[PDB]
Amino acid sequence: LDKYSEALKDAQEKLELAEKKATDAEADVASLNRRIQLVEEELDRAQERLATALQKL
Amino acid sequence: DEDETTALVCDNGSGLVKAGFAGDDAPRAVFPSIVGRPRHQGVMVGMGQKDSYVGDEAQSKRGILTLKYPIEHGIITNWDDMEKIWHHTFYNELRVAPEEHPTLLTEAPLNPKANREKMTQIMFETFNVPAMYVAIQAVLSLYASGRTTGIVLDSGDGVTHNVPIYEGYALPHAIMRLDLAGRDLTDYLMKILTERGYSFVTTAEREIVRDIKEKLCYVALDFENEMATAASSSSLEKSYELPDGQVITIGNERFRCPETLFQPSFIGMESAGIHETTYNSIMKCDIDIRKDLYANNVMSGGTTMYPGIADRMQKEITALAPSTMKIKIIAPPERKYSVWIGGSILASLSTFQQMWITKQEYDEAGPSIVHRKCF
Amino acid sequence: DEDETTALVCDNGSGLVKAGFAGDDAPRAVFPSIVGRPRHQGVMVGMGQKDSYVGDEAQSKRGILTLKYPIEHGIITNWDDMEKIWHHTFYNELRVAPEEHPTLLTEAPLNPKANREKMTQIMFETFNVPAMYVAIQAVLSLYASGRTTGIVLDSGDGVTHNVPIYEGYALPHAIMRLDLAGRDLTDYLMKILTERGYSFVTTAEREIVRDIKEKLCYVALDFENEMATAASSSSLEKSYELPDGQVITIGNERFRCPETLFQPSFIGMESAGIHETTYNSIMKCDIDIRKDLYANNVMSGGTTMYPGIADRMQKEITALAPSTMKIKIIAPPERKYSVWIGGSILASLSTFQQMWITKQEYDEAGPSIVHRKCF
Amino acid sequence: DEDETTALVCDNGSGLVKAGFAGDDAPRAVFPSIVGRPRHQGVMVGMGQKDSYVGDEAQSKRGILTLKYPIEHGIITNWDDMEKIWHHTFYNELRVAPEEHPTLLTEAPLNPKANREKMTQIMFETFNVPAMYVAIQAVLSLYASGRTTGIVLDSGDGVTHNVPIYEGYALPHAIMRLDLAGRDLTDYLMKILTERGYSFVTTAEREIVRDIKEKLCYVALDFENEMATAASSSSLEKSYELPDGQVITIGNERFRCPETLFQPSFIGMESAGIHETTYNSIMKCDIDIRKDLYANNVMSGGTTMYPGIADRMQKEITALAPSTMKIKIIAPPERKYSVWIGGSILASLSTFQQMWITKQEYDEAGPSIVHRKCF
């Protein structure tokens with residue numbers, strides 16, 4: 001029991017840490033997707049503004 | 001037994017009381033919000049036996065006790081039983097006498113005023129606490145979760161308050177209070193287990209169904225498809241060992257119970273579910289707030305521990321939300337314990353040390369002071 | 001039952017629908033603007049029972065119905081429910097088929113265009129009305145109240161429109177449309193009644209709160225002094241009888257809700273209140289207009305039915321207004337019915353017979369014709 | 001810290017506030033002319049949160065703030081809030097205390113005297129600026145444009161100035177100052193979008209509409225042909241993304257709002273419009289000075305970015321103007337920023353160093369000195 005309880009506190013702690021890693025990694029998948037979309041949007045806008053600048057050119 | 005005069009925190013829900021001292025990351029002990037009383041005639045002489053049992057005593061001797069909850073849908077009505085629970089909690093098990101420590105209690109912002117007033121009165125008059133502070137669950141949940149901004153949907157045992165906060169500010173016009181909570185989900189389960197041949201009608205039986213629910217139930221991200229197979233095969237059933245050697249298995253009842261969160265009509269409530277109330281709390285906030293609340297949907301309270309709840313709630317809001325917006329759920333392991341943890345955080349913040357009612361102001365004003373000094 | 005093809009008149013809001021015939025001085029029937037639907041599963045058979053209930057049917061059977069209205073903040077978004085309301089209104093209570101009678105409907109001056117356009121389309125295509133005319137609620141209020149000049153303060157269930165008119169002309173740049181209304185007062189009152197220990201969360205409960213508000217609440221002239229005694233003694237409480245024989249007593253809540261009109265922040269609204277808003281409509285008008293608008297602030301609609309409102313508004317407006325100038329409020333008994341009555345008047349006036357869209361012009365142009373023919 | 005003690009330059013409008021140092025070709029920063037204040041009750045503690053926010057802080061935290069503008073129609077009505085803006089603009093953002101640098105501010109030549117006097121007073125008494133000079137906005141527009149002759153029509157958020165200048169001299173009898181401006185176009189758009197089904201009334205809603213206007217609106221050089229199609233077909237509509245992911249489309253309203261500059265009656269204003277005021281600024285000057293003003297219509301300020309405004313301002317003038325004569329609009333890229341740029345140019349002129357009020361002359365004479373030394 002102590003071995004299963006301890007194996008568990010460790011599987012569970014490793015899990016909280018892996019889940020945290022996933023949470024933080026996911027927080028970053030999301031922060032990266034926000035930056036990617038902000039930058040892709042600025043890029044598409046740079047390209048819209050470029051197409052416009054080129055049209056205005 | 002503590003070596004510092006820290007504040008005490010006691011999260012007195014309609015279910016269980018989580019308590020410990022301020023500054024920690026967990027309650028030191030958890031007691032049920034129960035005072036138990038014998039429903040039988042004593043036969044033997046010299047057996048001891050109490051007129052009433054408190055907290056864990058009430059559950060330990062429950063075989064012949066009727067177990068009552070002093071708090072109904074979040075509000076204390078039986079203050080005498082509350083005082084018994086608090087005395088046991090603070091003096092016998094947590095080993096903190098309130099006389100030497102300031103105390104923080106918790107409650108929904110729309111919890112009727114008698115709750116915050118009576119809790120304040122008892123800690124000052126029967127416990128002689130040097131100071132008091134009744135905190136709000138939405139505040140406590142955002143502190144526990146590491147947020148200043150978000151929707152707190154506390155799917156606890158009593159009442160769900162659904163309260164949006166932005167940059168630390170309440171957005172009260174967007175609060176959607178719902179008369180649906182974990183206690184009702186348990187009651188629904190008892191009726192559907194009766195349909196399957198397992199009738200639970202007495203206190204011992206009720207406490208057992210709650211324990212079964214906590215270990216066996218899940219939300220399902222597609223109720224109808226999950227039910228189509230749960231109702232057709234034993235392959236989706238899970239067993240539980242009853243205390244008397246009997247066993248029970250649960251099939252679609254396993255998910256129909258938490259489904260009431262998405263379908264309150266299951267218990268007779270006129271509501272579209274916790275995801276519509278969450279959605280409306282985001283939607284009813286100003287247009288420049290909405291984007292931040294969609295991305296910071298905070299699950300709190302108990303029932304947040306049903307598998308799949310953190311994901312189904314993101315799906316249900318995403319389905320109602322405008323495109324472009326990011327919808328995201330916050331659901332840490334500090335779930336169900338988040339209100340207590342928020343209490344610990346808040347009680348010990350330097351920014352909160354001016355929020356405490358001292359036992360000076362209290363006697364000059366009386367317990368109604370809580371409505372001016374706390375919330 | 002009529003001996004002439006008199007126009008039919010209906011004033012349709014988010015609250016109630018008042019309907020009758022042109023030339024009369026009151027509606028023949030009043031219905032809530034509601035279509036009710038059962039929220040429970042039928043168990044017995046041969047019980048009658050409708051799929052949907054309309055108007056007073058929805059209210060009489062409300063114990064088991066969810067009640068929804070088609071109009072939000074002055075605009076019809078659910079034309080199907082209004083079609084049902086109108087069919088019932090016209091054929092069962094007014095006992096008239098619109099096919100033989102022209103119809104006058106109303107809307108606020110800045111109401112989104114879809115309202116007047118859809119209303120015109122339904123009366124011409126589902127009722128085959130020979131003619132249509134969508135009236136300005138402010139015009140109707142001025143006729144019913146005996147004015148050509150003044151500020152129309154309708155403060156209704158949907159919106160407060162605050163619209164100045166001079167010599168029968170619109171001064172549209174000075175309209176202060178405000179998102180402060182009777183439906184927000186109903187919501188605010190139930191939150192403060194929750195604070196007192198009475199939960200109102202279902203439809204039946206919502207309509208009860210609306211009824212409580214209408215009979216027990218007031219504004220008075222001095223909020224702080226009224227609160228000082230209402231919050232201190234039962235001598236300022238009033239009992240309201242709940243349908244099951246139980247009662248609720250209401251204290252300072254009796255005025256704290258109505259106070260929202262002067263303090264919109266109570267419901268989360270960014271506004272200075274109705275007295276300042278009325279003042280601003282006057283201040284945005286030319287100085288040779290202002291003298292007549294100050295002397296003619298006119299109440300219509302609803303919520304203007306709170307005790308102390310005509311007298312407090314005069315006090316609050318004169319306090320903002322220049323000295324020497326005379327500030328007066330007109331607050332006729334034709335309160336809550338005056339927009340409908342004005343509809344009856346506009347329809348009966350010979351000066352209005354050229355203003356009708358005929359069911360010739362309508363089909364040649366389509367419903368968009370309403371924007372060329374009405375206002 | 002700076003290479004030389006050149007003047008700080010700042011153009012304080014009813015819309016935007018812009019600043020940088022004398023000698024450069026752009027302001028370092030642009031702020032809205034806003035001081036923001038929380039309109040909500042705080043519940044969380046230690047969330048930071050200011051009692052008041054300034055400039056971009058006020059706009060960035062606007063979700064729970066009510067935002068006020070200290071400047072209206074070209075003048076400061078709230079100097080305390082401008083003091084906060086100037087501190088932020090000059091010291092927090094340009095990182096220069098006015099104490100060590102001359103400051104150049106701006107105002108229209110027919111701008112009420114109290115405003116040019118208050119700007120002089122605050123910079124000398126609260127910021128201890130060693131010197132002051134409040135620039136003529138038309139002059140700065142000419143400096144940035146590279147003109148000495150022309151009509152400066154600055155169509156900003158506050159007021160349209162319409163001033164004829166010939167060879168560096170003003171012709172003051174011909175100035176048509178007009179209370180028609182970009183702020184009215186924003187409010188008109190909030191009301192017209194309400195007519196389309198997208199209501200806007202609150203601060204957040206007004207800031208959205210100002211953003212819609214700035215990205216979607218235009219004047220249309222031939223509005224009759226433009227509306228004949230725009231009011232008939234969706235092919236002329238343009239979509240805008242709101243902060244919460246909603247999409248609004250605007251058709252003829254897209255140019256009808258800016259059209260108010262030519263059609264002031266749309267907002268209840270009695271005026272000939274900006275093209276006729278340009279015409280009269282030219283026509284009211286002597287005939288040997290009009291032949292140069294017709295050929296030099298100088299566009300400045302904001303709202304000048306709407307496509308079609310330059311061509312729409314040249315066509316209308318040409319129609320009012322005598323035949324044979326050449327009518328020409330000057331509409332440089334230094335638009336909206338031309339006053340700030342001209343300020344930089346004025347501040348760096350060697351001949352301008354004799355135009356400064358020193359912080360000696362100021363105290364001997366008081367703020368009325370601005371009329372003895374500046375204009």
# chains A, B, ... in the order shown; residues from 1 in each chain; ligands from 1

call {"tool": "select_by_dssp", "arguments": {"residues": "segment 261-345 of chain C", "states": "helix (DSSP H, G or I)", "output": "ChimeraX atom specification"}}
result
/C:261,264-267,274-283,287-294,309-318,338-345

call {"tool": "write_last_selection", "arguments": {"atoms": "N, CA and C atoms", "output": "tab-separated table (two decimals), in the first residue's frame"}}
result
chain	number	residue	atom	x	y	z
C	261	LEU	N	-33.54	54.61	-11.91
C	261	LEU	CA	-33.87	55.57	-12.94
C	261	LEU	C	-33.03	56.84	-12.80
C	264	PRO	N	-28.56	54.88	-12.79
C	264	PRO	CA	-28.50	53.75	-13.72
C	264	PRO	C	-27.34	52.81	-13.46
C	265	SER	N	-26.35	53.27	-12.69
C	265	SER	CA	-25.19	52.48	-12.33
C	265	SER	C	-25.62	51.27	-11.50
C	266	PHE	N	-26.83	51.32	-10.94
C	266	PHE	CA	-27.39	50.24	-10.13
C	266	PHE	C	-27.56	48.96	-10.97
C	267	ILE	N	-27.70	49.11	-12.28
C	267	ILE	CA	-27.86	47.99	-13.20
C	267	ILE	C	-26.70	47.91	-14.17
C	274	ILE	N	-32.32	59.71	-15.64
C	274	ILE	CA	-33.37	60.33	-16.44
C	274	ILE	C	-33.54	61.85	-16.30
C	275	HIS	N	-33.25	62.44	-15.13
C	275	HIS	CA	-33.42	63.88	-15.00
C	275	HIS	C	-32.35	64.67	-15.73
C	276	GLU	N	-31.15	64.09	-15.81
C	276	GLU	CA	-30.05	64.76	-16.47
C	276	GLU	C	-30.18	64.50	-17.94
C	277	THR	N	-30.65	63.32	-18.28
C	277	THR	CA	-30.82	62.95	-19.66
C	277	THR	C	-31.91	63.85	-20.28
C	278	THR	N	-33.01	64.09	-19.54
C	278	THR	CA	-34.09	64.97	-20.01
C	278	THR	C	-33.51	66.37	-20.22
C	279	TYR	N	-32.73	66.82	-19.25
C	279	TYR	CA	-32.07	68.10	-19.31
C	279	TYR	C	-31.20	68.20	-20.55
C	280	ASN	N	-30.39	67.18	-20.83
C	280	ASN	CA	-29.54	67.25	-22.01
C	280	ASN	C	-30.35	67.36	-23.30
C	281	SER	N	-31.50	66.69	-23.41
C	281	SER	CA	-32.29	66.86	-24.62
C	281	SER	C	-32.72	68.31	-24.78
C	282	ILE	N	-33.02	68.96	-23.67
C	282	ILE	CA	-33.40	70.36	-23.73
C	282	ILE	C	-32.17	71.20	-24.11
C	283	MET	N	-31.02	70.94	-23.49
C	283	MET	CA	-29.80	71.72	-23.73
C	283	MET	C	-29.25	71.58	-25.16
C	287	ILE	N	-31.95	77.86	-27.95
C	287	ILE	CA	-32.48	78.60	-26.81
C	287	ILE	C	-33.90	79.14	-26.95
C	288	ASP	N	-34.41	79.29	-28.18
C	288	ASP	CA	-35.78	79.75	-28.37
C	288	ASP	C	-36.77	78.58	-28.40
C	289	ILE	N	-36.23	77.37	-28.25
C	289	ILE	CA	-36.97	76.12	-28.14
C	289	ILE	C	-37.01	75.73	-26.67
C	290	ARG	N	-35.85	75.87	-26.02
C	290	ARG	CA	-35.63	75.42	-24.65
C	290	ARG	C	-36.65	75.95	-23.68
C	291	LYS	N	-37.09	77.19	-23.84
C	291	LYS	CA	-38.03	77.73	-22.87
C	291	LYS	C	-39.34	76.95	-22.85
C	292	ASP	N	-39.73	76.40	-24.00
C	292	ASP	CA	-40.99	75.72	-24.09
C	292	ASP	C	-40.79	74.28	-23.69
C	293	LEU	N	-39.60	73.74	-23.93
C	293	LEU	CA	-39.38	72.36	-23.52
C	293	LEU	C	-39.26	72.31	-21.98
C	294	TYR	N	-38.61	73.30	-21.35
C	294	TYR	CA	-38.47	73.29	-19.89
C	294	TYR	C	-39.81	73.30	-19.19
C	309	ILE	N	-42.52	60.45	-8.73
C	309	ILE	CA	-41.69	60.66	-9.91
C	309	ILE	C	-41.91	61.98	-10.63
C	310	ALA	N	-43.15	62.46	-10.75
C	310	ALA	CA	-43.36	63.74	-11.44
C	310	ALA	C	-42.79	64.88	-10.62
C	311	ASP	N	-42.86	64.73	-9.30
C	311	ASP	CA	-42.41	65.78	-8.41
C	311	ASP	C	-40.90	65.75	-8.22
C	312	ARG	N	-40.30	64.55	-8.23
C	312	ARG	CA	-38.86	64.49	-8.11
C	312	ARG	C	-38.24	64.93	-9.40
C	313	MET	N	-38.79	64.53	-10.54
C	313	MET	CA	-38.24	64.97	-11.79
C	313	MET	C	-38.30	66.49	-11.89
C	314	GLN	N	-39.39	67.14	-11.45
C	314	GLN	CA	-39.41	68.59	-11.55
C	314	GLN	C	-38.28	69.18	-10.72
C	315	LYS	N	-38.08	68.65	-9.50
C	315	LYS	CA	-37.02	69.12	-8.61
C	315	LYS	C	-35.62	68.91	-9.21
C	316	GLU	N	-35.38	67.73	-9.76
C	316	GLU	CA	-34.08	67.40	-10.30
C	316	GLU	C	-33.78	68.17	-11.58
C	317	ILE	N	-34.79	68.45	-12.40
C	317	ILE	CA	-34.57	69.20	-13.63
C	317	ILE	C	-34.40	70.69	-13.31
C	318	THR	N	-35.23	71.25	-12.43
C	318	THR	CA	-35.12	72.68	-12.12
C	318	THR	C	-33.77	72.96	-11.47
C	338	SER	N	-51.41	56.20	-22.55
C	338	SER	CA	-51.33	57.37	-23.42
C	338	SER	C	-50.71	57.15	-24.78
C	339	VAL	N	-49.81	56.19	-24.93
C	339	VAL	CA	-49.27	55.98	-26.27
C	339	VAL	C	-50.35	55.31	-27.10
C	340	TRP	N	-51.03	54.32	-26.51
C	340	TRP	CA	-52.10	53.65	-27.22
C	340	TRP	C	-53.18	54.67	-27.59
C	341	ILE	N	-53.54	55.52	-26.62
C	341	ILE	CA	-54.58	56.53	-26.80
C	341	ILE	C	-54.18	57.48	-27.88
C	342	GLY	N	-52.93	57.92	-27.88
C	342	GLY	CA	-52.49	58.78	-28.94
C	342	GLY	C	-52.65	58.09	-30.28
C	343	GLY	N	-52.46	56.76	-30.34
C	343	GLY	CA	-52.62	55.98	-31.56
C	343	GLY	C	-54.06	56.09	-32.04
C	344	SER	N	-55.00	55.99	-31.09
C	344	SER	CA	-56.43	56.12	-31.35
C	344	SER	C	-56.75	57.49	-31.92
C	345	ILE	N	-56.09	58.52	-31.36
C	345	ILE	CA	-56.25	59.90	-31.80
C	345	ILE	C	-55.67	60.13	-33.18

call {"tool": "residues_around", "arguments": {"residues": "segment 4-19 of chain B", "least_positions_apart": "2", "cutoff": "6 Å", "atoms": "only C-alpha atoms", "output": "list in words"}}
result
residues 2, 21, 22, 27, 29, 30, 31, 32, 33, 71, 72, 74, 101, 102, 103, 104, 105, 106, 157, 158, 340 and 343 of chain B

call {"tool": "residues_around", "arguments": {"residues": "residue 255 of chain C", "least_positions_apart": "6", "cutoff": "8 Å", "atoms": "only C-alpha atoms", "output": "PyMOL selection string"}}
result
chain C and resi 217-220+223

call {"tool": "atom_distance", "arguments": {"atom1": "atom CA of residue 183 of chain B", "atom2": "atom CA of residue 211 of chain B"}}
result
11.9 Å

call {"tool": "residues_around", "arguments": {"residues": "residue 62 of chain C", "least_positions_apart": "2", "cutoff": "9 Å", "atoms": "only C-alpha atoms", "output": "list in words"}}
result
residues 36, 37, 38, 57, 58, 59, 60, 64, 65, 66, 67, 203 and 204 of chain C

call {"tool": "closest_residue", "arguments": {"among": "C:216, C:231, C:129, C:346", "to": "chain B", "atoms": "only C-alpha atoms"}}
result
C:231

call {"tool": "interface_residues", "arguments": {"of": "chain D", "to": "chain B", "cutoff": "7 Å", "atoms": "only C-alpha atoms", "output": "list in words"}}
result
residues 40, 41, 42, 43, 44, 45, 46, 47, 63, 204, 243, 244, 245 and 246 of chain D

call {"tool": "closest_atom_pairs", "arguments": {"of": "chain A", "to": "chain B", "cutoff": "12 Å", "atoms": "only C-alpha atoms", "output": "CSV"}}
result
residue,atom,partner,partner_atom,distance
A:12,CA,B:333,CA,11.0
A:13,CA,B:333,CA,11.2
A:15,CA,B:333,CA,10.9
A:16,CA,B:333,CA,8.0
A:17,CA,B:333,CA,11.2
A:19,CA,B:332,CA,9.5
A:20,CA,B:332,CA,8.9
A:22,CA,B:332,CA,11.9
A:23,CA,B:332,CA,9.1
A:24,CA,B:330,CA,11.6
A:26,CA,B:328,CA,10.9
A:27,CA,B:328,CA,9.9
A:30,CA,B:326,CA,9.0
A:31,CA,B:326,CA,10.8
A:33,CA,B:326,CA,10.2
A:34,CA,B:326,CA,8.9
A:37,CA,B:324,CA,10.0
A:38,CA,B:324,CA,11.4
A:41,CA,B:324,CA,11.6

call {"tool": "atom_distance", "arguments": {"atom1": "atom CA of residue 247 of chain D", "atom2": "atom CA of residue 49 of chain A"}}
result
20.8 Å

call {"tool": "atom_distance", "arguments": {"atom1": "atom CA of residue 212 of chain B", "atom2": "atom CA of residue 93 of chain B"}}
result
26.7 Å
